[PDB]
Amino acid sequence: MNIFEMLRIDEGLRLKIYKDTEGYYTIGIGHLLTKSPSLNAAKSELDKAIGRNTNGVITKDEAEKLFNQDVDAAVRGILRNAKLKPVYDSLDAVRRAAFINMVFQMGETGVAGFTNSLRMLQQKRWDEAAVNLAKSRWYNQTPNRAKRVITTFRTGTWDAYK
């Protein structure tokens, strides 16, 4: 198991514009297109992202291409972030995958907001951090995915995904 396979299980794959759990226009493997309500605004962003007139539909290769960019951007954002970097640096390889997953789903700003849990992860207080991560809107909104991520943090293994 690796970050790519982990996120592909959590996000799924869709080749037609769809609405995410929050109601926003998304395509492929969790690629947010726009927070705007306009499907047109969404198709426009889509075409811009792909470099062609897509009429709202893309191929597998195109979806994967967006996915590769997004994982890269996620990693590079963590490493550029003063609040996140030290956390990431302190973690083992499995837990680093779990942190990237959060960042991909909620943005750098969002994760940077989990101040208390970050301090706990850095100190390697796994159980306590797992309890604190659960007290969040994130966990209440997408409980199955949150539990998987949290278990990865608590255990340091890929069990939740196996």
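Note that residue numbering follows the sequence shown and begins at 1.
Stretch comparison (93-101 versus 51-59) by mean CA B-factor in the PDB entry places 51-59 on top. Higher mean CA temperature factor, per the PDB entry, when comparing 33-41 with 109-117: 33-41. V75 sits in the middle third of its chain by CA B factor, as recorded in the PDB entry. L13 sits in the highest third of its chain by CA B factor, as recorded in the PDB entry. Split the chain's modelled residues into thirds by C-alpha temperature factor. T151 is in the middle one.
Among the modelled residues of the chain, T21 sits in the highest third by CA temperature factor in this PDB entry.
Ranked by Cα temperature factor within the chain, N140 sits in the middle third according to the deposited record.
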